[PDB]
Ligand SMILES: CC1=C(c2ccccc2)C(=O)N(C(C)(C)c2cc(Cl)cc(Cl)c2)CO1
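Below sits a lone chain in structure tokens, taken as the form deposited without Oxaziclomefone.
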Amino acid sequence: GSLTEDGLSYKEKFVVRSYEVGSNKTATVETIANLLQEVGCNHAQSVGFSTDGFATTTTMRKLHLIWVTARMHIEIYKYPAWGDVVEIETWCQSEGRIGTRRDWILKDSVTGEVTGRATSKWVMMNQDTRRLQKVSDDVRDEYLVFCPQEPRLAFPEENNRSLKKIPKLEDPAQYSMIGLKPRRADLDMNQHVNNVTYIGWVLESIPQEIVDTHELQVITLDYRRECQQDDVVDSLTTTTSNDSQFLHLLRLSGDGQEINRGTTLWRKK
């Protein structure tokens, strides 16, 4: 792993491990998600930002401010096989006072073809109060020198799937997985439930018949609230659709408080 020649992006190669593959002998979407997070963290380290998943500046730490993901969007064309080398490039861009965006391009190291792409929107919030806030000028200036100043988008299209509005699933859901609880492996270095865990929980309510005959092509997830260590979650899915599409909702098992919402698109294997 290293920053690229112009220092405005970061690249790193990964060799798919035996325990990282699923029922098809290819990397799972959760293996891909961890690798996206790993390369994002290595990028923050390289330019001096925090490495705790909050990618903070010295000014942000003084003010108890952190970066939090509001939306994650991943599109995989080909899942790498066990032992394959995948190259991932990542970069950040400011979206003015709104927040920041981190993009990723996944490539097969051998052919150089783009096997996937991802985008994420991040908002600033006070860690203690949980209150969101627009990005200050001082913080913006600390980061802008590490970003390309001309737009560089992983999803440049006009009506791309990464910007689609996501509705709230209405009861009754077609399918459900109830009483899901995080274990210590589901928490990060700061005892917070990892965003990759939520991807796994969304996918738990997809029937096994879909998982067996299809491959996940797109997953978009809108994050609303954090799930604590002692929280219990219910994962809800309703079919909305050649391809299959689903609408997802994660909510607390008790009061039904919303944690996440999302959509998936699957293609016949």
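In this text, rigid core is short for the largest set of C-alphas that superpose within 1.5 Å between two forms. Only residues modelled in both forms are compared. Residue numbers run from 1 along the displayed sequence.
For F54, does the count of other compared entries lacking it reach at least a third?
-> Counting only entries that model residues on both sides, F54 is unresolved in at least a third of them.
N242 coordinate gap across at least a third of other entries | Yes, left without coordinates in at least a third.
Would you class the number of unmodelled deposited residues between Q229 and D230 as none, 1 to 3, 4 to 9, or 10 or more?
-> The entry has no gap there; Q229 and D230 are joined directly.
Selected stretch [higher average CA B-factor]: 76-84 or 156-164 = Result: 156-164.
Do the C-alpha atoms of 31-39 or of 204-212 have the higher average B factor in the entry?
-> Per the PDB entry, the higher value belongs to 204-212.
Between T220, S46, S241, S50, where does the Cα B-factor run highest in the record?
-> Highest C-alpha B-factor among the listed residues goes to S241.
Candidate residues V110, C92, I105, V196, the one whose C-alpha B factor the record puts highest | Out of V110, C92, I105, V196, the record gives the largest C-alpha B-factor to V110.
Comparing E258 with the other modelled residues of its chain, is its CA B-factor in the lowest, middle or highest third?
-> Answer is lowest: the recorded C-alpha B-factor places it there.
If you rank every modelled residue in this chain by C-alpha B factor, which third holds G179: lowest, middle or highest?
-> As the PDB entry reports it, the C-alpha B-factor of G179 lands in the lowest third of its chain.
Comparing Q127 with the other modelled residues of its chain, is its CA B-factor in the lowest, middle or highest third?
-> It falls in the middle third of the chain.
For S136, return the chain-relative third of its C-alpha B-factor as stated in the PDB record: lowest, middle or highest.
-> Tercile = highest for this residue's CA B-factor.
For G116, return the chain-relative third of its C-alpha B-factor as stated in the PDB record: lowest, middle or highest.
-> Lowest third.
The protein also exists as the form solved in complex with Oxaziclomefone; that form is not presented, and the subsequent description refers to it.
Is there any non-hydrogen atom of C41 lying within 4.5 Å of Oxaziclomefone in the deposited bound form?
-> Taking the distances in the deposited bound form, the answer for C41 is yes, it comes within 4.5 Å of Oxaziclomefone.
Hey, in the deposited bound form, is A173 touching Oxaziclomefone, heavy atoms inside 4.5 Å?
-> Contact with Oxaziclomefone, no.
For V233, is any heavy atom within 4.5 Å of Oxaziclomefone in the deposited bound form, or not?
-> Heavy-atom contact with Oxaziclomefone at 4.5 Å: absent for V233.
Would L153 show up as a contact with Oxaziclomefone in the deposited bound form if we use heavy atoms at 4.5 Å?
-> Output for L153 is no: heavy atoms all beyond 4.5 Å of Oxaziclomefone.
Just give me the residues of 103-131, first to last, that have a heavy atom within 4.5 Å of Oxaziclomefone in the deposited bound form.
-> Heavy-atom contacts within 4.5 Å come from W104, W122.
2 Å-or-more CA mover between this form and the one not shown, where superposition uses the core and the choices are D231, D222, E215, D52 = Single hit from the list, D52.
Core-referenced shifts between this form and the one not shown - contiguous stretches of at least three, CA at least 2 Å | 50-54 is the lone stretch that moves between this form and the one not shown.
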